[PDB]
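Inspection log for the structure reproduced underneath, given as structure tokens.
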Amino acid sequence: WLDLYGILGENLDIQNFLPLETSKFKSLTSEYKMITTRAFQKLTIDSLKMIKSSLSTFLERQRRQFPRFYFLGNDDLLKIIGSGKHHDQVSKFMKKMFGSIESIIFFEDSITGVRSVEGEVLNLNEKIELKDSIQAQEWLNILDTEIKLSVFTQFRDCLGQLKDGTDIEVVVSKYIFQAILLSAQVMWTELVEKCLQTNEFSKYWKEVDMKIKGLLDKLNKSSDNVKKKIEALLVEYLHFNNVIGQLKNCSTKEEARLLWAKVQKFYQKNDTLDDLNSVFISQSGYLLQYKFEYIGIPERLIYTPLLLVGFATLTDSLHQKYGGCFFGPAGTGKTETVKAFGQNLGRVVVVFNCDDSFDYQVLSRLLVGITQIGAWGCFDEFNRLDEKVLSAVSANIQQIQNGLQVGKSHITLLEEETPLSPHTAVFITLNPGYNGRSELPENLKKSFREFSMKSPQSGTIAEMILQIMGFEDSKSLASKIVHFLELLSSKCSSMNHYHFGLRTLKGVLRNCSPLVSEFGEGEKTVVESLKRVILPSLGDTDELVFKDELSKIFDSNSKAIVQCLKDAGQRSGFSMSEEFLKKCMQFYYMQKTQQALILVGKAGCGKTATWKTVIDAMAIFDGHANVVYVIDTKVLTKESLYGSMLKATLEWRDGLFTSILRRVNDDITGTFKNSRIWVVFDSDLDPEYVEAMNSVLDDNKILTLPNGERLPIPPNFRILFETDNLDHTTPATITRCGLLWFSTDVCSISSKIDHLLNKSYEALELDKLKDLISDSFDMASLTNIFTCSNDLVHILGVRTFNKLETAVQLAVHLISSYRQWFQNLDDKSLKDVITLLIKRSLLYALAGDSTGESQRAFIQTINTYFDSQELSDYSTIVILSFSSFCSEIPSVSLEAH
Amino acid sequence: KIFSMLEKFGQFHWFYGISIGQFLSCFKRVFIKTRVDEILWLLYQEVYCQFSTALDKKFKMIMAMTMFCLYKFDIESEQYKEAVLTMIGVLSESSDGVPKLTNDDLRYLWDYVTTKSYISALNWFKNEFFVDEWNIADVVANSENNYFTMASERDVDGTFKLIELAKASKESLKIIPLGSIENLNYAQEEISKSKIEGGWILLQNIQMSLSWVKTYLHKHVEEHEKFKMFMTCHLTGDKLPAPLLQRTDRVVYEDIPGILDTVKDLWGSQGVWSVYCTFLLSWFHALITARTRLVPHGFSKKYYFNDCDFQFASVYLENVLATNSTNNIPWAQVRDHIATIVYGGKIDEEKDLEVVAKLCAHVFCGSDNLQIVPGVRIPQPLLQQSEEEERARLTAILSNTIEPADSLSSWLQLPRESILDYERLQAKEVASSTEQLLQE
Ligand SMILES: Nc1ncnc2c1ncn2[C@@H]1O[C@H](COP(=O)(O)OP(=O)(O)OP(=O)(O)O)[C@@H](O)[C@H]1O
Ligand SMILES: Nc1ncnc2c1ncn2[C@@H]1O[C@H](COP(=O)(O)OP(=O)(O)O)[C@@H](O)[C@H]1O
Ligand SMILES: [Mg+2]
């Protein structure tokens, strides 16, 4: 009702469009007023849903007015339009429209600036007074323009300050990161061109080196926001130093000019009167226009040679308004390359995770959403689309390309004419040759420019990043890390989930970053990070191989967490073996820096118990309330998991995981702000079910819904994967998650008996009965009986480790049932009756799934391997006297009928 | 006998099926375009030109060999019979034996096969007997049928050929890809509109909407003058209905197997330095597409260099030539960008990057005397010529070149053993197929 009143019941000159909708809204207003009066002194929801259907055209026209509303759902659109005067509802959706902006600064009912996701604050050039009668799209459009003008102002006066002769160490504390970055790149390309006019490069190389060392010195003593800014400028300046050093080593001028042509250059026109088109980027001759869109302080990529060649081929594709195509094995840096190219071009690249549910209408709606905005669109995992849909959208993509190339003002897609902004572009990242993925038709492949990035340069990445933390010996450590990873990949068993590419290196670095305060920035920290990342995912002999190579190529308290785990198992009835405690430590240390985890082991090997007792340990240690949502992936279909499009009226219905993500993002009652939320996919990892979450699992942390909704993943939202085997699990989702392999079972037989017995007596004097049944469960006979039970041929083959539960539950039920006649007999009779019941339970739980002769052999061996009461094949207890089945047969004389 | 041959071809592959209406229409065109032997000869060339375009390259050579066979076995003697059969047999690695000396063309074939040249030996019959060939333009122009279909393997598309054909015909193509019900309805509305008022239409990937193709297209083709229908399907895709394919003209599109023919095609499809650069780019594209077919030795995998790479490389060459107007052309930059960005993007391995870098260093040396192939040297343009004179000189120096019989080795600079193995295997397959075909 608040949304309906905001869109129709309060705004004037908005009810002249649809009079029937106005009358329906008035009737609903009268009904809601009557309901509110009755409450103060079911059918309403149905009426609201019925009148929601007529609002689709209104919302489509509203999205046509402001093109960035295409990234919002219908409910989000209702919320953002209905906030006529509150103005705070718009501020929560800026991450959904822009991506790099999380809130709006408000002051005296006027706007002052925006706030980036990384905590950066951008102050607008002129504060805009917000009228009470104004609508959302007008002030949103003028804010979109004002952000670009403010960014240009900061770039201009920062570049003037740098041209005046000051050092960057004082400028980095004044302006936003993008202004410093663009001004530094302009200054660098101007100075490099000046140096290239002559034969001298050593003076500028020394100047850049001293500036880098000064930035590194200032990095340690700076605030966190300034720390991120200096880190990103240091990545850029390391690229500058690398380019200048490569230029200095050129023998002749021709190769120096070629090497300078191959690299991105950031020029500025000195004649244009238009401010926002004054900066153009030149690489290999082609020129692209800077958009001056706000970026914030993103995680800047290390400018590897492969990254520069990818930038060159992306510029070559976009010069003719074609598409950018990146193909290769998973975990090589395709989406990140596209996003870094967009950030260098001063815009936020909007990334879409393709799926089977993306039909022609959904993909075409996304295309008209991004072409009307003018943003850059990345179609991540383009192979996951159906072949029919891929061939069908070829017309739309070719039409977009032709309209961009010929400068057409409008294009017609989805039976409607929409404006086409000249700033838009389309990119695709795809993984060829994977199971369960379609193939692009050639008519569609001719509209994209392919580039292969199979082999990245991990050494340069590791060296630059370790220099960013300021490690004393970066080159040797990076070489040791890369050689160690290569030796681990080449000298281990050829298992399917043994991938040691670049994502594992990034995880090692992200785990080594927060251990500097505990182990010190050096050899100990990097070997501890390598252990904490790679060791949980390795087997048994490969673990010994890992330890041997770690001792070869590398020279070399946790009391509270272990105490918490012990207490959690004590209240849960578990027992700390060496393997169980090792697995708990590995799970904790690997989840500390990885938000997505895969638990792989045999059936009933100890995955659920491991993560449940670790969850209890986290709750004890941190004090945070913890809520967990367990979802079986393959019980539900994809439509019921993620969501479905009601094709009758073209509206969106949420799935289950999407529903959980929405109710944790909405945060109505404040209970999800200071809590951890776990989604456990307790089924098989189907590629078709899990690859729809690739943007969720990687650093994007976003769930690209079909209807354009972009739900971010909060930092306290962690995803588990409990499964049995990875036979069909593709490496794309393997490398995105910290894997925890269970080489052997985490519990012993006797401990499992004790835990099941404790659970059974928790489910219910009793102390004497518990002592007697514990004494009767003698381990010395039980281990040999279980060892002998493996010789029997069992139908429906189950390991004997899993049949303990049936034996203990059956035995406890039998004692509980016959406890009514246990207080009128002596100790020896009680022991004989209980051991007879236990032998019967063990027989029918271990050899109960075998033939009659096998059952007779097993009752023979349980009699020989246990003085006590003998168990015969027909033995039973009747109302408590032992008898046989001979006298229990009743005389049956059937009639004819 | 020819109809039985074509029926066997249709028995091999579903796309190669033949009706009687098309054959009788071709026989009518024989009369439209020693007397009875002259009509028989004209029938042979007319049926070859009409139904060669509906087959791929191996079946093109099979059909050419068996048709030249049937004609010569009719006309010539039994010594000619024995010589041709034993030469096919030694080409098929089934029967080994020298031919009996008599005219002259048999001696030419003996020279061509005793030099271990196999592809040229297969194409000798096509160059000898048949004196005409048909492209897509000749098929579209010389067909009474207003419905056309077009097939190709995966990872190749010939939509640009039809777009060029429509542009040269001053028509208006309208590409409607299939795969969704919205596109099916739009294609129905547009096909009705184009039948009412004229205009061309093209349907892309018709094998992805087989139910609609089986119902609507069947009932439409079964039942204006500036109207044509084009359909594109994949040769390795699912089977298409026989009557609908027999009611439409069938064309199989593939890249031109020749090297010099590819240069001539790319030259005819297009100051003095721009003409020189596009001539060099056409030569380089033909060389790399010729080398691409050799899977194990020319490259490491199977790649596909289409005309989009040629267009992007030509755009880059023009952008370099316009910006760098000081006559100091950055040849090294052009080499690096073509071998790395334009033609090197699809390359996944590293030996293939090395060989494309070697090719780009060979063809873009930027020297006054450049020897791109062992026979032809392309001099640089002078400082006093015009664009038309430069184009005429380049066409003249292109036309005087004669492709050698071993052009897959000398021009590509490859070891001879691999090329001999490839040619021997391909000619053995073709000759074995025509030997099995000619015995029934
Ligand atoms: N340390 C332990 N102490 C006592 N019992 C344990 C211990 N670890 C595991 N178990 C027991 O092992 C049994 C199987 O373990 P768990 O419940 O973790 O299975 P799982 O990994 O979820 O199995 P599946 O993949 O078959 O669903 C449980 O009944 C649990 O009680
Ligand atoms: N210079 C770099 N190049 C490539 N990847 C990098 C670089 N620096 C860091 N990375 C990390 O490598 C990962 C690459 O993921 P990516 O392969 O882009 O995903 P996708 O498989 O969807 O393309 C990212 O998580 C990123 O954090
Ligand atoms: Mg991806």
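Labeling convention for the structure tokens: chains A, B, ... as they appear, residues from 1 per chain, ligands from 1 in order of appearance.
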Contacts between ligand 1 and chain A, please, where a residue of chain A counts if it comes within 6 Å (with only C-alpha atoms and all ligand atoms); show its shortest atom pair and distance in Å to one decimal, rows by chain and ascending number, as a tab-separated table.
```
residue	atom	partner	partner_atom_place_in_ligand_line	distance
A:574	CA	ligand 1	3 (N)	3.9
A:575	CA	ligand 1	3 (N)	4.5
A:576	CA	ligand 1	1 (N)	5.7
A:580	CA	ligand 1	1 (N)	5.6
A:603	CA	ligand 1	26 (O)	3.4
A:604	CA	ligand 1	23 (O)	3.4
A:605	CA	ligand 1	21 (O)	4.8
A:606	CA	ligand 1	18 (O)	3.2
A:607	CA	ligand 1	21 (O)	3.6
A:608	CA	ligand 1	18 (O)	3.7
A:609	CA	ligand 1	18 (O)	4.0
A:723	CA	ligand 1	25 (O)	5.8
A:724	CA	ligand 1	25 (O)	5.4
A:746	CA	ligand 1	8 (N)	5.3
A:747	CA	ligand 1	7 (C)	4.7
A:751	CA	ligand 1	4 (C)	5.5
A:752	CA	ligand 1	5 (N)	4.4
A:755	CA	ligand 1	4 (C)	5.0
```
Point to revise | Nearby polymer residues, ligand 2, at most 6 Å, only C-alpha atoms and all ligand atoms, as a ChimeraX atom specification | key: /A:301-304,330-336,461,503,506,698-699
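Neighbours of residue 426 in chain B closer than or equal to 10 Å, with only C-alpha atoms counted and sequence neighbours fewer than 2 positions away skipped, come out as residues 58, 91, 92, 118, 119, 122, 420, 421, 422, 423, 424, 428, 429, 430, 431 and 432 of chain B.
In plain terms, chain A touches chain B through residues 258, 313, 388, 392, 442, 450, 451 and 452 of chain A, where touching means an atom at most 6 Å away, counting only C-alpha atoms.
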Go ahead and dump the residues you just picked, N, CA and C atoms, as a compact mmCIF listing (two decimals), in the first residue's frame.
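Saved the output as result.txt:
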```txt
# COMPACT_ATOMS: atom_id res chain seq x y z
N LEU A 258 57.71 0.66 -31.01
CA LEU A 258 56.72 -0.42 -31.07
C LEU A 258 56.25 -0.82 -29.67
N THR A 313 43.61 -6.30 -27.65
CA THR A 313 42.61 -6.94 -28.49
C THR A 313 41.20 -6.47 -28.16
N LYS A 388 19.90 -22.80 -29.15
CA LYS A 388 18.79 -22.12 -29.81
C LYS A 388 18.74 -20.65 -29.44
N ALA A 392 19.37 -17.37 -31.69
CA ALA A 392 18.27 -16.42 -31.79
C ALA A 392 18.72 -14.99 -31.48
N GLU A 442 28.59 -20.09 -35.70
CA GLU A 442 29.62 -19.27 -36.33
C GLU A 442 29.11 -17.87 -36.68
N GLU A 450 37.74 -13.08 -30.87
CA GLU A 450 38.26 -14.07 -29.94
C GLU A 450 39.66 -13.71 -29.47
N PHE A 451 39.98 -14.13 -28.25
CA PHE A 451 41.34 -14.04 -27.72
C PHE A 451 41.54 -15.14 -26.69
N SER A 452 42.66 -15.85 -26.79
CA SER A 452 42.95 -16.99 -25.93
C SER A 452 43.89 -16.57 -24.81
```
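Taking only C-alpha atoms, the non-local environment of residue 524 in chain A within 12 Å (same-chain residues fewer than 5 positions away omitted) comprises residues 471, 477, 512, 515, 516, 518, 519, 529, 530, 531, 550, 554, 555 and 556 of chain A.
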Review point. Which parts of range 98-228 of chain B does DSSP call alpha helix (DSSP H) when run on the backbone here, written out as a ChimeraX atom specification?
Key: /B:105-114,119-128,136-141,159-168,181-197,210-212,218-222
**Study point:** Within 12 Å of ligand 3, counting only C-alpha atoms and all ligand atoms, residues as a PyMOL selection string
**Key:** chain A and resi 326-339+351-355+378-384+427-431+691-704+732-733+735-736
**Study point:** range 642-834 of chain A: residues DSSP assigns to strand (DSSP E), reported as a ChimeraX atom specification
**Key:** /A:643-646,651-654,675-681,702-704,710-712,717-723,738-741
Next, write the just-selected residues to a file, as a compact mmCIF listing (two decimals), in the first residue's frame, keeping N, CA, C and O atoms as the atom set.
```txt
# COMPACT_ATOMS: atom_id res chain seq x y z
N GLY A 643 14.77 -19.27 -9.64
CA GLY A 643 13.58 -18.50 -9.93
C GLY A 643 13.07 -18.81 -11.32
O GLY A 643 13.75 -19.41 -12.15
N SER A 644 11.83 -18.37 -11.56
CA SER A 644 11.16 -18.65 -12.82
C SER A 644 10.48 -17.39 -13.33
O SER A 644 10.09 -16.51 -12.56
N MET A 645 10.33 -17.32 -14.65
CA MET A 645 9.62 -16.23 -15.31
C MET A 645 8.23 -16.71 -15.70
O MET A 645 8.09 -17.65 -16.49
N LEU A 646 7.20 -16.07 -15.14
CA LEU A 646 5.82 -16.38 -15.49
C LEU A 646 5.54 -15.80 -16.87
O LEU A 646 5.27 -14.61 -17.01
N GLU A 651 6.42 -11.66 -15.43
CA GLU A 651 6.81 -11.22 -14.10
C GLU A 651 7.72 -12.27 -13.48
O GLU A 651 7.74 -13.44 -13.89
N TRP A 652 8.49 -11.84 -12.48
CA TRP A 652 9.52 -12.66 -11.87
C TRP A 652 9.04 -13.29 -10.57
O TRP A 652 8.39 -12.63 -9.75
N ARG A 653 9.36 -14.57 -10.39
CA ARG A 653 9.10 -15.29 -9.16
C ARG A 653 10.42 -15.81 -8.61
O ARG A 653 11.20 -16.41 -9.34
N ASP A 654 10.65 -15.57 -7.32
CA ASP A 654 11.92 -15.94 -6.71
C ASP A 654 12.01 -17.44 -6.49
O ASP A 654 10.99 -18.13 -6.32
N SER A 675 25.30 -11.29 12.26
CA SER A 675 25.19 -12.74 12.28
C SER A 675 25.93 -13.31 11.08
O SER A 675 26.21 -12.61 10.11
N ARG A 676 26.26 -14.60 11.17
CA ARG A 676 26.78 -15.35 10.04
C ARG A 676 25.67 -16.20 9.45
O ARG A 676 24.87 -16.78 10.17
N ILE A 677 25.63 -16.26 8.12
CA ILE A 677 24.59 -16.99 7.40
C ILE A 677 25.28 -18.00 6.49
O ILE A 677 26.12 -17.63 5.67
N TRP A 678 24.91 -19.27 6.63
CA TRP A 678 25.53 -20.36 5.89
C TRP A 678 24.49 -21.04 5.01
O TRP A 678 23.43 -21.44 5.49
N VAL A 679 24.80 -21.16 3.72
CA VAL A 679 23.99 -21.93 2.79
C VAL A 679 24.77 -23.19 2.44
O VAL A 679 25.87 -23.11 1.88
N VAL A 680 24.22 -24.34 2.78
CA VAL A 680 24.88 -25.63 2.60
C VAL A 680 24.15 -26.38 1.50
O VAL A 680 22.97 -26.71 1.65
N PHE A 681 24.84 -26.64 0.40
CA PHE A 681 24.27 -27.40 -0.71
C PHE A 681 24.62 -28.86 -0.50
O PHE A 681 25.67 -29.34 -0.92
N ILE A 702 28.12 -11.53 -6.71
CA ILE A 702 26.87 -10.99 -7.22
C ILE A 702 26.09 -12.12 -7.88
O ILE A 702 26.68 -13.05 -8.44
N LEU A 703 24.76 -12.06 -7.79
CA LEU A 703 23.88 -13.07 -8.38
C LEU A 703 23.05 -12.39 -9.45
O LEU A 703 22.06 -11.71 -9.15
N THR A 704 23.44 -12.56 -10.71
CA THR A 704 22.79 -11.89 -11.83
C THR A 704 21.52 -12.65 -12.19
O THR A 704 21.57 -13.66 -12.90
N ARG A 710 20.37 -7.68 -9.39
CA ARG A 710 21.77 -7.93 -9.08
C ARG A 710 21.93 -7.93 -7.56
O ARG A 710 22.24 -6.90 -6.97
N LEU A 711 21.71 -9.08 -6.95
CA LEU A 711 21.77 -9.18 -5.50
C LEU A 711 23.21 -9.39 -5.06
O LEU A 711 23.81 -10.41 -5.41
N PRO A 712 23.80 -8.46 -4.30
CA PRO A 712 25.16 -8.68 -3.81
C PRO A 712 25.19 -9.68 -2.68
O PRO A 712 24.20 -9.89 -1.97
N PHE A 717 27.98 -13.77 4.46
CA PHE A 717 27.21 -14.80 3.77
C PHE A 717 28.18 -15.79 3.16
O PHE A 717 28.82 -15.49 2.14
N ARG A 718 28.30 -16.97 3.76
CA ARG A 718 29.23 -18.00 3.32
C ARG A 718 28.45 -19.21 2.82
O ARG A 718 27.39 -19.54 3.34
N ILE A 719 29.01 -19.87 1.81
CA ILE A 719 28.34 -20.97 1.13
C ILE A 719 29.19 -22.23 1.29
O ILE A 719 30.39 -22.21 1.04
N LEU A 720 28.55 -23.31 1.72
CA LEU A 720 29.19 -24.61 1.85
C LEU A 720 28.73 -25.52 0.72
O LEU A 720 27.73 -25.26 0.05
N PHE A 721 29.48 -26.60 0.52
CA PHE A 721 29.15 -27.62 -0.47
C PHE A 721 29.53 -28.98 0.11
O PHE A 721 30.70 -29.37 0.08
N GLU A 722 28.54 -29.70 0.63
CA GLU A 722 28.75 -31.04 1.17
C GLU A 722 28.35 -32.06 0.11
O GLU A 722 27.20 -32.08 -0.33
N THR A 723 29.29 -32.91 -0.28
CA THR A 723 29.06 -33.84 -1.37
C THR A 723 29.91 -35.08 -1.17
O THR A 723 30.78 -35.14 -0.30
N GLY A 738 37.42 -23.23 -1.62
CA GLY A 738 38.43 -23.94 -0.84
C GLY A 738 37.96 -25.35 -0.54
O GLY A 738 37.01 -25.55 0.24
N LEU A 739 38.62 -26.34 -1.14
CA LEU A 739 38.17 -27.72 -1.05
C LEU A 739 38.76 -28.39 0.19
O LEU A 739 39.90 -28.11 0.56
N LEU A 740 37.98 -29.26 0.81
CA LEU A 740 38.38 -29.97 2.03
C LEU A 740 38.13 -31.46 1.80
O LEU A 740 37.01 -31.94 1.99
N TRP A 741 39.16 -32.19 1.40
CA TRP A 741 39.03 -33.61 1.11
C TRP A 741 39.18 -34.43 2.38
O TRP A 741 40.01 -34.12 3.24
```
Check your understanding: Within 12 Å of range 558-567 of chain A, counting only C-alpha atoms, which residues qualify if same-chain residues fewer than 6 places away don't, as a PyMOL selection string?
Key -> chain A and resi 518+573-578+580-589+609-623
Point to revise | Selection near residue 40 in chain B, 10 Å with only C-alpha atoms, sequence-local residues under 5 positions removed, as a PyMOL selection string | key: chain B and resi 30+35+45-46+71
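Here CA of residue 266 in chain A and CA of residue 205 in chain A stand 18.9 Å from one another.
Atom pair CA of residue 72 in chain B / CA of residue 10 in chain B: separated by 24.1 Å.
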Point to revise | Close residues, residue 265 in chain A itself excluded, 10 Å, only C-alpha atoms, min 2 positions apart in chain, as a list in words | key: residues 185, 186, 188, 189, 190, 192, 260, 261, 262, 263, 267, 280, 281, 282, 283, 284, 285 and 287 of chain A
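CA of residue 109 in chain A is found 6.2 Å from CA of residue 130 in chain A.
Minimum atom-to-atom distances from B:417, B:440, B:403, B:104 to residue 4 in chain B were compared using only C-alpha atoms, and the lowest value belongs to B:440.
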